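Architecture and fold: a report
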Amino acid sequence: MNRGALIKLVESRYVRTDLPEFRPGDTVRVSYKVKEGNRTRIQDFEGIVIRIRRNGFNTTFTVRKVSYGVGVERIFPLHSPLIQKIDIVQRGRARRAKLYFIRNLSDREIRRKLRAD
Amino acid sequence: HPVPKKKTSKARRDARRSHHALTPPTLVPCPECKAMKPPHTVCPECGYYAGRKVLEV
Amino acid sequence: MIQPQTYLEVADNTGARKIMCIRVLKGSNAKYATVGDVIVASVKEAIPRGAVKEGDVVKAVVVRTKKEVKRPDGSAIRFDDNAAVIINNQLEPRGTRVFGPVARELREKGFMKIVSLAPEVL
Amino acid sequence: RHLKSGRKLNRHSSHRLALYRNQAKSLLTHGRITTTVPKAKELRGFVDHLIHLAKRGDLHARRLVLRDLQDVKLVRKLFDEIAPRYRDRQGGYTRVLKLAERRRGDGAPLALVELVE
Amino acid sequence: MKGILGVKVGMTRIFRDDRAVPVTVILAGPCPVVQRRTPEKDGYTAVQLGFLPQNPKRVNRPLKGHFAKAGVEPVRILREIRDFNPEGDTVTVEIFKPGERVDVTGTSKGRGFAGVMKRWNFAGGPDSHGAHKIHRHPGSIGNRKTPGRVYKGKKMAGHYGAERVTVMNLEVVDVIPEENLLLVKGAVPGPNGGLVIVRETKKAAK
RNA sequence: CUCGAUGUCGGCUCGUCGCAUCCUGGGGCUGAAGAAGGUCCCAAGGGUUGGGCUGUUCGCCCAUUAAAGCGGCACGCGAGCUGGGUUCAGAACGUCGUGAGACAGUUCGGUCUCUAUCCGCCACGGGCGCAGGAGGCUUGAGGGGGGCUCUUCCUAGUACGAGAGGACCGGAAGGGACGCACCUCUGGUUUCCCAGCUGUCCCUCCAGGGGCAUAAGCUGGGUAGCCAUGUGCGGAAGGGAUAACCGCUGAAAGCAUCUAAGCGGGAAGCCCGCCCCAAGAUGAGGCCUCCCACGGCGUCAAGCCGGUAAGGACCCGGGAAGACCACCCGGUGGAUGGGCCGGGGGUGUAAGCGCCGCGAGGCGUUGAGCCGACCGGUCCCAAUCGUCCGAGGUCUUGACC
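As drawn, each chain counts its residues from 1 in written sequence order, possibly unlike the entry's numbers, and residues without coordinates are not displayed. The naming scheme follows written order: chains are lettered A onward, ligands numbered 1 onward. Values throughout apply to the visible chains only, these chains being members of a larger assembly. Side-chain descriptors were evaluated using all non-hydrogen atoms of the structure, hydrogens and water having been removed beforehand.

The record names cryo-EM as the way this model was obtained, at a resolution of 5.00 Å.

Here it is in C-alpha cells:
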C-alpha cells in the first residue's frame, strides 16, 4: 500500500498522462510551445527549439535543458506534465551514447563538434 | 596537563566503579538436552532444534 | 547565479560588456546580484571610444546560470551572466544590445524598453 | 547526515567484496562454514545472490558470477552440483546460525552458516 | 478543528494556472476513545485513535479502556482540549474542507550529535592560517571573573534529532474523501510514512 | 593580593549585561503649515551590512542602509584557535658611543604543550522515590524559543498651501536579514550503481572478466538517504495592567488645578495569546482500563514465597530513534529482517551469434544488459525452545456499606 499506492494515485488524479507525448529520445533537438504567458493573459504557444539534454522521472518529471544557440548559449529546462505545455514535437534524432547531461554540447560544443556527436 | 586535585576518597572512586557494577549471563535449558543455552544457540551436546549437526567426535 | 564582487557581462552601450558590481541594490543586506534584480558597479573591461567610460552605474539583472525558477514552473538557464546598465531612473543605457526574451525580465517589468529591445536569436 | 542507512558493512569496500567472495567460495566448498556474527549475516546476503545465479543457470549467468569468483572447479561445481538442488525454492538459500561460543582474546561471537538444506 | 494522522509522503502538484508542491496526509478516522467531560477533566476535550495494529497483540487494559464506550481494534492514540465531538467517530471525508488554512505538526526526524557545526548555525570556525582544528570547531564559553566561570545555556553539540515539533500556518489545498487523504503543501514536519497531526488556529488579522 | 608565577596587543569564534537609544516607537516643543528637520522625558524590543589601506581596535575612503550606537566582563575569551605584533641571540642601516654596546628609529626571519579530577554547561541513561500492583491519555503553576524592517504601492500630492512645498487615520504589495521544519521541485553528493579508458601481472591464447595502478587508478552521468544555492512557514492578532505625555469629576488654595479622593486616554515594552520543555513542581499526579485486594509466614505479617503474562523485563530480530543506553515495532497464530518477485529510478543497448569493411570497427537480435538504501507482494531463510521479576499499591482524616 502506502506511498507507492496512495500517492501514485493522487497524482494520476491531477497530471493524468502529462498528455501522452512519450517522445523522449536522448538526442533530438526538437521544438514546442508552452502556454508560458503574462501581460493580458498572453499565454503564448511559445515554441523553443532545443537540443535535448536531460530529465526528471516520476509524477513530476521534466524535459530538460535542451540547449539552444540563440546568439549566446541559452539552455531551456521544462517540467513534463506541467499543464504548462501544449505543442511538443520532435525534429531531431534520438541518437548518441553516454547518456544525458552530455552538456559536452553547451560547453565546448563548436557547431562542427556538435554535428560530430 | 590537567591532573585533578586529590581523589574525593575511595568514596568517589566507588561512586564511579559503583554505578559501574557487573551484571550476569542470560540462559535457559537446551531445547534438546539440558544445561544452559542462551537464546538462539546449540552446543557441545544437543546442538540443534532441527539437526544437531554438532557435537561428539 | 549571484555574486557580490563581480565580473559580469552586459552589452548595452557598454565600455565593455563587463563591469564589476559591488553588491545588490535591494534590502540592505545584499549577497545576491540575482536574476532580474538591480545593483551596483564600475567597469572592468575596456571601451573603444563610446561615451560610456570607466565609471560606475547601477542596473538590472539578466541571465545567471544556476536556476531561473519561475512562478509557472517555467524553467531555464543560459551559460551566460549579464544585465543591462542603467542611467538613474533605471532608464537603460544604450540604443540597443545583444540578447533576448523570457519572463523574468519583463516580469520584473520596469524596463519594457529592454523588453521589446532585445528580442531575436541571440 | 547519517542514520537512514542500507547495506551495512565494515573494513573497506575492496576488502569487503574481497571477503564476501573468498568466503562465498569456501562455503560453496563446504556447504557450511564458521565465522563471526555478521560475517555470516551479510555473507548470507551475498553468497546468497551468487547461488541465485547458480540457479539462473545459463551460459550468461555463469559468465557473470564467475566474473566474481574466478575458477571453474567451483564455477560448475555450484552451477550444476547444487544449483539444481536448489532451483525451485524462493531464495533465502542461506542458513545463518549462532554457535556456542566466542573466539578467544576477545569473545567475538561466532557461528556457522551454510546452504540451507 | 483538528485532524489525526499518519503522515504519508511529500510530492508536487499543480493548482490554478501554475504548479507548486504538496504533501500527503492520510487518516482513516479516529474516534471518541476517551472524553474529558470537563466535570471529568475540566480541561475538557477529545482523545482518539486512528487505525489498528494487530489484535492478537493487545494488553487487557487496552482491551477494556476501549470497552469504555467501546470502539475498535488499534493503537494509535492521543488527545486535544477545547474540541467538541459533534460525533462519536470522525474521518475528515469532510472533516477537513479544502481551500482553508491550517496549522499542523508532527514527530521531528532524528538528527545526530554535531556541534557548533550542526546543532546551531554558523558553520564552525575557519581554515588555513590555522589547521590545528582545520575549518570548524566549538566557539567560546565564558570567562575569568566575569561570571567567573563557564556559562549555562548557549547552544551545544550533539543529539539534536530525536525530538518533536510543529509548523504554523499551511494550506489545506485538497481533499480526497475516499482514501481518507489530503494534499496540503507542507513543511513535511518530521518524517513521512509516520506520525503527525493537524489543528487550526489563527485569528490572524493579516 | 601576585615575582614557587596572573599570557600583555590585533583578530578570530561563541558572546553576555548596560543605557547617558543609533534605527526603532510614545511622546509634549518649535523660530511646528506640509513634508522634512531640529529640542528634551519615557521605553532596550529586534535590529544595530560589504570592501579598501593600514598587524593597528581608531581612523580616513568606496557602495549602500531604516540604521549602519557608546560601553561594561583583566581593554571576555591559550586549558578555544590565531599569533603580523611590540619584547631573547641574528643581520640591516639610519643614530649615540673613544667602542665594547646601545635607540619606545626602523626594517627581514623569530621552536604557543595541553590524555578533564572537582563545581559549571550539553546530552543521554542507570536509582529510588511522589505508601495497592498495573497499560495508556492528559493539565499545566514554572521554565525555554521568536518578537526587525525596508521600499514601492493602495487613501497621495484635497492636510499646509498666495505660490515654490508636503498628509496624519489608515491601507496595501513584494523584498532583505533571520529562526523552524522539509525534498516534491531546483541543484550537491552517491568508495561500487551503471557506463567509457591507458598500463599491467593473472585466468585458460581470442574475445570475457580479474586484482594494481592513494583508504574507488581515470573519466561521465547517477537515485535513495543526508543536504543549499531549492520548498512550506514564522515574526499576528488580539486581551488586561502602564512609561513620558493627555484628560474627567473635585476640594484643601468660598475663582482656578488631572489631583491625595474616585474615573478614563496611552506606548513595537510588562502578564497572557504564539510554539518547546515540565510533579524528582516529594505540593497533584487528574482521567481512563485492569489483576486481584495475591499467597505464606510470631499482631504490629510496611518481611518471605507463588501469586496475575494484570504487566512487563530478559534474548532474538528489525528501526530516518540511535556513541553505549533508554525511545520504537515486531518474534513465526508473523511480514521483522535478509531472499526472492513484481515494480519505480538509475545506467546506456550487454554476453553471443548473426549480417558490410583487407582492417579499424559498423549494423542486427537491444533503448538490451545490470543494478544499494525507494512502493509494495510472497513464511524461500532466520525471528524455536525458554527465563525472571514483578498487588495484596504512603500517612491522615472524614463519609458511606
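1. Considering the interface of chain D and chain B
Buried accessible area, meaning the area lost when the parts come together, often serves as the stated size of an interface. Contact with chain D, which involves five residues of that partner, is made by seven residues of chain B. Throughout, buried area stands for the accessible area (probe radius 1.4 Å) lost by two parts on being put together, summed over both. Interface area for chain D against chain B, summed over the two sides, is near 530 Å², with a carbon-plus-sulfur share of 51%. It is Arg32(D), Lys98(D) and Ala100(D) in chain D that bury the most area against chain B; as a group they hold 70% of the surface buried on that side. By salt bridge we mean one thing: a side-chain nitrogen of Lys or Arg within 4 Å of a carboxyl oxygen of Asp or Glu. Joining chain D to chain B, the criterion identifies one salt bridge. Between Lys53(B) and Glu114(D) there is a salt bridge; the shortest N-O distance is 2.7 Å. Think of it this way: any DSSP run of H or I at least four residues long counts as a helix, any run of E at least two long counts as a strand, and we number them from the N terminus. The biggest single contributor to the side of chain D that touches chain B is strand β2 (residues 94–103) of chain D, with three residues. When the residues that make up the side of chain D that touches chain B are grouped by side-chain class, the tally is two nonpolar, no polar and three charged. Contact criterion: two residues are considered in contact whenever any of their non-hydrogen atoms come within 4.5 Å of each other. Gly falls in the polar group here, along with every residue not listed as nonpolar (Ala, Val, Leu, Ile, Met, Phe, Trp, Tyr, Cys, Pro) or charged (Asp, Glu, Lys, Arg).

2. Some words on the pairing of strand β7 (residues 73–79) of chain A
The side chains of a regular strand alternate between the sheet's two faces. Throughout, exposure labels follow a simple rule: accessible area from a 1.4 Å probe, protein chains only, divided by the maximum for the residue type, with under 20% read as buried, over 50% as exposed, and the rest as partly exposed. Burial within β7(A) is extensive, with seven of its seven residues counted as buried. By definition, two strands form a pair when at least two bridges between them are found by DSSP. As paired strands, strand β6 (residues 60–69) of chain A and β7(A) are joined by six bridges and run antiparallel to one another. Residue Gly69(A) lies in a different strand from β7(A), and its bridge partner there is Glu73(A). From the end of β6(A) to the start of β7(A), which pair antiparallel, there are three residues, and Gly71(A) there has a positive phi angle of about 150 degrees. Relative to strand β6 (residues 75–78) of chain C, β7(A) runs antiparallel, the two being bridged by two bridges. Its bridge partner being in β6(C), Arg74(A) is matched across the sheet by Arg78(C).

3. Quick look at the nonpolar core
In this structure, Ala24(D), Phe46(D), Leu50(D), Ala54(D) and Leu69(D) are the most contacted members of the largest nonpolar core, which totals 18 residues. When contributions to this core are tallied by element, the ones reaching two or more residues are α1 (13–30), α2 (37–56), α3 (59–69), α4 (72–81) and α5 (83–86) of chain D. Considering each element in turn, this core owes the most residues, seven residues, to α2(D). Ignoring anything within four residues of it in the chain, the contact list for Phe46(D) reads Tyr20(D), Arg21(D), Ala24(D) and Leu69(D). Put simply, buried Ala, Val, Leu, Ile, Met, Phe, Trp, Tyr and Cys residues joined by side-chain atoms within 4.5 Å make one nonpolar core. Membership of the second largest hydrophobic core comes to 16 residues, among which are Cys21(C), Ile39(C), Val61(C) and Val62(C).

4. Comments concerning the arrangement of the chains
For this structure, the chain pair with the highest number of contacts among five pairs of chains in contact is chains A and C. Separated in space, chain B and chain C share no contact, their closest pair of C-alpha atoms being 45 Å apart. Left apart from each other, chain C and chain D have a closest C-alpha approach of 24 Å.

5. Focus: the sheet that holds strand β12 (residues 174–176) of chain E
Pairing in this open sheet of seven strands is antiparallel, and the strands run β11-β8-β14-β1-β4-β13-β12 (chain E) from one edge to the other. Among the strands making up the open sheet, the edge pair consists of β11 (163–171) and β12 of chain E. Neighbouring strand axes in the sheet, compared pairwise and without regard to direction, differ in orientation by 30 degrees on average. Across three bridges, the pairing between strand β4 (residues 23–26) of chain E and strand β13 (residues 181–183) of chain E is antiparallel. Of the residues in β13(E), the one forming a bridge with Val25(E) is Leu182(E). All axes here are fitted lines through C-alpha atoms, helices being fitted over the stretch that makes contact, and every angle between N-to-C directions spans 0 to 180 degrees. Its contacts with the sheet put helix α1 (residues 2–15) of chain A on β1 (2–10), β4, β12 and β13 of chain E, and the angle it makes with β1(E) is roughly 90 degrees.

6. Considering the protein's contact with RNA strand F
Every one of the 150 residues lining RNA strand F counts as a neighbour, but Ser13(D), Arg61(E), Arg79(E), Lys152(E) and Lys206(E) are closest to it. Each atom of RNA strand F within 4 Å of the protein was classed as base or backbone; sugar and phosphate made up 79%. A distance of 2.7 Å is found between a sugar or linking oxygen of RNA strand F and a backbone nitrogen or oxygen belonging to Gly27(C). What qualifies as a polar contact is a pair of N or O atoms within 3.5 Å, subject to a donor-acceptor requirement within protein and to the restriction that residues adjacent in sequence count only when both atoms come from side chains. Here a sugar or linking oxygen of RNA strand F and a side-chain polar atom of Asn143(E) are 3.0 Å apart. The greatest single-element share of the surface near RNA strand F, amounting to seven residues, is contributed by α2(D). Tallied by class, the residues present in the surface near RNA strand F amount to 53 nonpolar, 52 polar and 45 charged. We call a residue near a molecule or strand when any one of its heavy atoms sits within 4 Å of it.

7. What to know about a nonpolar patch on the surface
Residues qualify for a patch when their relative accessible area is over 30% and they have no salt bridge, like charges being joined within 9 Å and the nonpolar side chains of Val, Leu, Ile, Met, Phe, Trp and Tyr within 5 Å. Here the accessible surface of atoms and residues is derived via Shrake-Rupley with a 1.4 Å probe, and residues count as covered only by protein chains that are part of the display. A grouping of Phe51(E), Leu52(E) and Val75(E) is seen on the molecular surface, where their side chains present a nonpolar patch of about 270 Å² in accessible area. According to the relative accessible area criterion, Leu52(E) is exposed, its value standing at 56%.

8. With respect to the state of the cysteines
Residues and elements named next belong to chain B. Only a pair of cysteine sulfur atoms within 2.5 Å qualifies as a disulfide here. Using the criterion set out here, one finds two disulfides over all chains in the structure. Between the sulfur atoms of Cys30 and its disulfide partner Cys46 the distance amounts to 2.0 Å. Between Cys30 and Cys46 the sulfur-sulfur dihedral comes to about 110 degrees; the bridge is accordingly right-handed. Residue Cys30 is found in the loop between β1 (28–29) and β2 (36–37), and its partner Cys46 is found in the segment after β2; the two are separated by 16 residues along the sequence. In this pair, the class of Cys30 matches that of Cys46, namely buried. Disulfide pairing is shown between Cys33 and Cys46; the S-S distance is 2.0 Å. On the S-S bond that ties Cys33 to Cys46, the torsion sits near -95 degrees, and the link is left-handed. Placement of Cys33 in the loop between β1 and β2 and of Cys46 in the segment after β2 is noted, with a sequence separation of 13 residues between them. The class for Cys33 is partly exposed, based on a relative accessible area of 28%. Taking relative accessible area as the criterion, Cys46 reaches 3% and is therefore assigned buried.

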